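Note: hydrogens, waters and symmetry copies are ignored here, and every other heavy atom, side chains too, is used. Letters go in sequence order (proteins before strands), and every chain restarts at 1.
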Amino acid sequence: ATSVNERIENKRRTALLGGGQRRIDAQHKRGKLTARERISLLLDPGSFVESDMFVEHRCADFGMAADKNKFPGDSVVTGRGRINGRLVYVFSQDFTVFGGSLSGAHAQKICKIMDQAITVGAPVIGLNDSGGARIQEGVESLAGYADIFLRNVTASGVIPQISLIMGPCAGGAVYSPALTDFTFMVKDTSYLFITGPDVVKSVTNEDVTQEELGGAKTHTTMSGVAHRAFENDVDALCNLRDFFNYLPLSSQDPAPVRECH
Amino acid sequence: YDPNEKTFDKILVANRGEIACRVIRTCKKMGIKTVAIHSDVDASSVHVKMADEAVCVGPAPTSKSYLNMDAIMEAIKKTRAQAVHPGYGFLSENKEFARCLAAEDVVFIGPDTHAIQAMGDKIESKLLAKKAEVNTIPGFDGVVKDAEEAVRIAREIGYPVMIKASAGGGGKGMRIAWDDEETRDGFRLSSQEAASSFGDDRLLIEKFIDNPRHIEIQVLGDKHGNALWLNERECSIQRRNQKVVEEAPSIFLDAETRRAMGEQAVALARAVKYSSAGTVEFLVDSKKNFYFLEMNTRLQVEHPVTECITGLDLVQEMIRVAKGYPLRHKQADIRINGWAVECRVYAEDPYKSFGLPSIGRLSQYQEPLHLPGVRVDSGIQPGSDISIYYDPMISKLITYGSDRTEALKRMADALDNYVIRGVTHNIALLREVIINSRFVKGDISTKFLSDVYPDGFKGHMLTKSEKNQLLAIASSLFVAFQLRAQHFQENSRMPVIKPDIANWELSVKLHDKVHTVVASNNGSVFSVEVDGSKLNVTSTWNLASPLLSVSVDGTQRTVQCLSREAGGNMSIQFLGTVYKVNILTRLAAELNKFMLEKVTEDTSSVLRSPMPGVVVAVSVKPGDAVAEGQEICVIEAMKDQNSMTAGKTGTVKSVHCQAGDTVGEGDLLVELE
Amino acid sequence: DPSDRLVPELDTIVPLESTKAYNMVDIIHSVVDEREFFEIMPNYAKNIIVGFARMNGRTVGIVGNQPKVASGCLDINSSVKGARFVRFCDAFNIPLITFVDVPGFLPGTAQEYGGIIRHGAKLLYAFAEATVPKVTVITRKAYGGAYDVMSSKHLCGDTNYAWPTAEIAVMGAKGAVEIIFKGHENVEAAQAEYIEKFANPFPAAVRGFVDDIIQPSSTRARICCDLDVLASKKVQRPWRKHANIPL
Ligand SMILES: CCC(=O)SCCNC(=O)CCNC(=O)[C@H](O)C(C)(C)COP(=O)(O)OP(=O)(O)OC[C@H]1O[C@@H](n2cnc3c(N)ncnc32)[C@H](O)[C@@H]1OP(=O)(O)O
Ligand SMILES: Nc1ncnc2c1ncn2[C@@H]1O[C@H](COP(=O)(O)OP(=O)(O)OP(=O)(O)O)[C@@H](O)[C@H]1O
Ligand SMILES: [Mg+2]
């Protein structure tokens, strides 16, 4: 008799539950969906194949090696799916786990998906909801960003890269979307800034809110960073599918031709 | 340098700079462990790295680091050092330090407290010297308290009057009086200055010696009672009453006068029971009559010079005497061997009042240690900085030879071969002094710099032949750079067709004159025609070395290329002086004749930001005529509100600055006339 | 100009405390051949320095932070100024040398409304696509994503060196302590431990993010040696007509 099967089942149920039910309810109270719900809405039904489901972080400082600080998946859900029958690779950042902060395993999963997408020649869609770099990780987290950054620059002009910011994003987490081809935001629930309002007040001594500093209106009407802003997550994902229908899967392919009436 | 003899095993050097390095070198040669005190800024100094162990004693200012008795004593207790050497300055002539050291078992390498106290005030020093049968400057013995007594003393000692401050030091608080009104107002202002500087306020009136010569006698004594005089030194070349050039024997002196002064100095040392190294200074007039003037109860700054002509190591003798051993030399053993000259290389601008202290960081520093007969005493290394806290002295450069002429020639060569980049120095002034006709002849006094340069130092007034040599060297260097610019590696896709120019025709602007130069290259030899005169310049033409040696018509010359621009501007250090030349091709000069002279409207009539900062408010408006002393706008900077004065008259045309605004350097704020 | 010339003047040029600033132009002049530097845009966006020089006779492009101006922080103008220079140097096979003393990006609503994200991405992209040899020296602070932007090892950098005064971290000690030990409220020893453990090049050195910790007086020599071995650097990248830089 072995407990490997029940271990696998418990790990799977924990992975689907993410950080926890209480934090899922807190996320839902803000008008935001979870990463897996966003993926299910974006992709065709039954076409999602997830990868690196049991991957966990390897931090050992500040008591991060404790069991309560170990979450399978590590604040990102990565995989491949199909939109209207066409292949795509997707990652969704889970704000439920450590505020979606990027660690070594998080960056490793994203890099693996990007590498496979560039190997087969398929687009990458990234749903961004991240608090920045995990502070306990240290330089590790920094390295992770750079890896992602490098791949973005390597993939520019080879496969289309689309970003959809569905939550707050600070620090280096704002730089990967800037390197992608198109950036979309959700109104009233998504932000993009290098430094938060508290640091701005401390240094520059001016009083601004998060919405005034990095809201979707700011980055779609006066900043030039985002391309479109949608009402909420459901509308944003429907419009993302519609927009994805336009683009080719690779620069080796001609522009798509559809049935015309 | 016998290691068999037993001395202290641990000596703490309570000083900084080059004197600490010299003491540490002597201790290393004597096999003695060394402890070096330092401030926080001097953590990477030469002397801390040279010593065996170092102790921090406080912040940058000397009042809290090197004059901090408590920190020094804590360091001594922690390191358990047996002896302490104060060098010169700081705590070297401090009686409280000597007493508190004597409280413990630690020995003070220097004179006893009684000797320091006796020669601590000038009045008591003069009285003791008079009691010791030593010639003294004529004057009145006592403290002058009112101007009436001062003018009376001037009457009975003659109108030329020297007014001096007791204790004093550093060449401050000393002035000249020729008239009774001059006597009284100088007395009042000198009392005020002494209160501001020292607070002793005891002033002395003496007779001023006309055209004096500063002659020092180096004395050395032991606790047993043996006193020696180690020949003499001459330190006449001074500015601000501070020496810059010193000579090993005085050419003004002969054997009999030297013996008389040495015997008198030895008598004074025996009178005060001096038991260490010291110096007795005299003012010798034209008629070879000397008078006593001050006794330094410490090691002398210009002490290495006599070390070159006696063969002794003064620091070692001080250490041995402090241990208790008798002197190992007799008066007959002391002899003069050759000649020696010392120059003080300072970090100061010689064009401003014969020297103005400067600050900066040395980006390049190379000493001429490989040259013959050259010794360098410096605490400066590449990357060192010159701060506002300590003395700005960079180095002491000493040369020795068989006679005076050889020493002076080696001194000039060493000055020419000395690389200092990062700060302004006084090498030009030193080289001008050592090659002066009067200095070579020997007729010098303490007013040499004052009357040789009545209008201030101007640099080396180069003659016609020297001007031609400088122009030829500059033209050859320009052509060498142009030729080096054409040396590329082989491309194999587009070969380089080197131009076949034979003669370079150049216009060279020096000072306010333009000369036509025709240069030709024949490998390593440049034939240069300057206004008809033909010269040949040969060298290796290494364009990267800081020092470049060339041969112009057989005469060897060392030059430095301080700066160079694509527009033809070059700064060349030649014969110790920096000359700014502008070299163009003839076509370039002809076309440059059409270029309009740029007029600088920012200079005056514009409040161009003197420095970056934030302005609280503006005190002027368009249409307001400013006046001298009227601040334009108060601007906080370096954590200080800088409300700069106008210093001129002009109606404000417009105002561009507003209250509480951050504006960087070089930004216009107020326009006026 | 010998390629193994030592530069002892750089051993103490970086002040011990981070409040004081220094001039990176002095470091550049000391390192390069004959102390000759052709600066590009010297009077604009002065918090960054770009220019052309030579080492061992070979033309090199130099990019560096200027701690004298705005503490060396990056902003829009400096990002664009450095990015286009890096792109030109990469396009014409000119090796790149970087000196890093960046504490981060300049905060404020002006930078965010101006689009600081786009221009920071411009500089990051320019350093990331470069296929010419790249040599980086960290002299002092290197905080946050700016450290990734200023030609990090992880952008296919060739050789990365740190001076004994380098500091690679996510940000300064106070912010990390206040975000980690939020409930500890006993930062008295926590900050001391954090500065003792992470306020030094060791965390990046032990992971291999910097090749070595070198004495500042050997810098030039090291760089020259690297430029001798990296002259034949060939890399292969996926085919495309062109990429899409965030202009
Ligand atoms: C490479 C560039 C860098 O170095 S980035 C450094 C990180 N910069 C930052 O500003 C701190 C990160 N956090 C934030 O900015 C804000 O909290 C944002 C992202 C706006 C989140 O807003 P808010 O909805 O109020 O979060 P919250 O109060 O619900 O707290 C949720 C939990 O998420 C965590 N979190 C977030 N980011 C990180 C991070 N980088 N590292 C570690 N933890 C992070 C928070 O600690 C927070 O914890 P808790 O559950 O409230 O106890
Ligand atoms: N009575 C005088 N007659 C002529 N010159 C004098 C007289 N007193 C002083 N001087 C000049 O001033 C110089 C400084 O004199 P003195 O050594 O007494 O000053 P100080 O401030 O005690 O100097 P130090 O730094 O050596 O302690 C002398 O070398 C000399 O050139
Ligand atoms: Mg004197």
Q) Distance-only, no hydrogens or angles: does the C:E112 side chain make a donor-acceptor pair with backbone N or O of A:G214 under 3.5 Å? A) no

**Q.** Set of residues satisfying side-chain contact (heavy atoms from CB on, under 4.5 Å) with respect to A:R58, sequence neighbours excluded
**A.** none

Q. Where on A:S141 is there a heavy atom nearer than 4.5 Å to chain C: the side chain, the backbone, both, or neither?
A. side chain

Q: Taking the side chain as every heavy atom from C-beta outward, state whether C:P107 and A:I194 have any atom pair closer than 4.5 Å.
A: no

Q. Hey, would you say the A:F193 and C:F105 ring centroids sit under 6.0 Å apart?
A. no

Q) Heavy-atom distance under 4.5 Å to chain A: side chain of C:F198, backbone, both or neither? A) side chain

**Q.** Segment of A:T154 engaging chain C (4.5 angstrom heavy-atom cut-off)
**A.** both

**Q.** Under 4.5 Å from a heavy atom of chain A, the part of C:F209 involved
**A.** side chain

Q.
Taking side chain as everything from C-beta outward and backbone as N, CA, C, O, which of these in C:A176 sits under 4.5 Å from a heavy atom of chain A? Side chain, backbone, both or neither.
A. both

(Q) Give me the atom names and distance for the closest heavy-atom approach of A:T218 to C:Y113. (A) CG2-CE2, 3.7 Å

Q: Return the option, out of A:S176, A:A178, A:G172, with the maximum number of heavy-atom pairs under 4.5 Å with chain C.
A: A:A178

Q | Residues in residues 220-229 of chain A near chain C [non-hydrogen atoms, under 4.5 Å] | A | A:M222, A:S223, A:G224, A:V225

Q | Which of C:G108, C:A204, C:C156 touches chain A most, by non-hydrogen pairs under 4.5 Å | A | C:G108

**Q.** Residue part contacting chain A, namely of C:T109, when any heavy atom lies under 4.5 Å
**A.** both

Q) Does atom CD of A:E206 have more than 12 heavy-atom neighbours from other groups under 6.0 Å away? A) yes

(Q) Please determine whether the number of non-hydrogen atoms from other residues, nucleotides or ligands lying under 6.0 Å from atom NZ of C:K233 exceeds 12. (A) yes

**Q.** Residue part contacting chain C, namely of A:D61, when any heavy atom lies under 4.5 Å
**A.** side chain

Q. Of the backbone (N, CA, C, O) and the side chain (C-beta and beyond), which part of C:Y147 lies under 4.5 Å from a heavy atom of chain A, both, or neither?
A. side chain

Q: Tell me, with the steps shown, if C:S152 and A:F149 meet side-chain contact (heavy atoms from CB on, under 4.5 Å).
A: CA-CA 11 Å; C:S152 52; A:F149 296 158; over 6 Å; no

Q | Region of A:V174 in contact with chain C, defined by heavy-atom distances below 4.5 Å | A | both

Q.
Are there residues of residues 128-136 of chain A whose heavy atoms fall under 4.5 Å of chain C's heavy atoms? If so, which?
A. A:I135, A:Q136

Q: Pick whichever of C:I180, C:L124, C:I116, C:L155 has the most heavy-atom pairs under 4.5 Å with chain A.
A: C:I180

**Q.** Part of A:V139 lying under 4.5 Å from any heavy atom of chain C
**A.** both

Q.
So does C:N244 get a backbone contact from the side chain of A:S156, meaning a donor-acceptor N/O pair under 3.5 Å?
A. yes

**Q.** Near-ring test C:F181/A:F62, centroid separation under 6.0 angstrom
**A.** yes

Q: Check each atom of C:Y143 against the heavy atoms of chain A and say whether the ones under 4.5 Å are side chain, backbone, both or neither.
A: neither

Q.
Run the ring pair (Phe, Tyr, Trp, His ring centres under 6.0 Å) test against A:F95 and tell me which residues pass, sequence neighbours left out.
A. none

Q: For A:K70, look at atom NZ and say whether over 12 heavy atoms of other residues, nucleotides or ligands are found less than 6.0 Å away.
A: yes

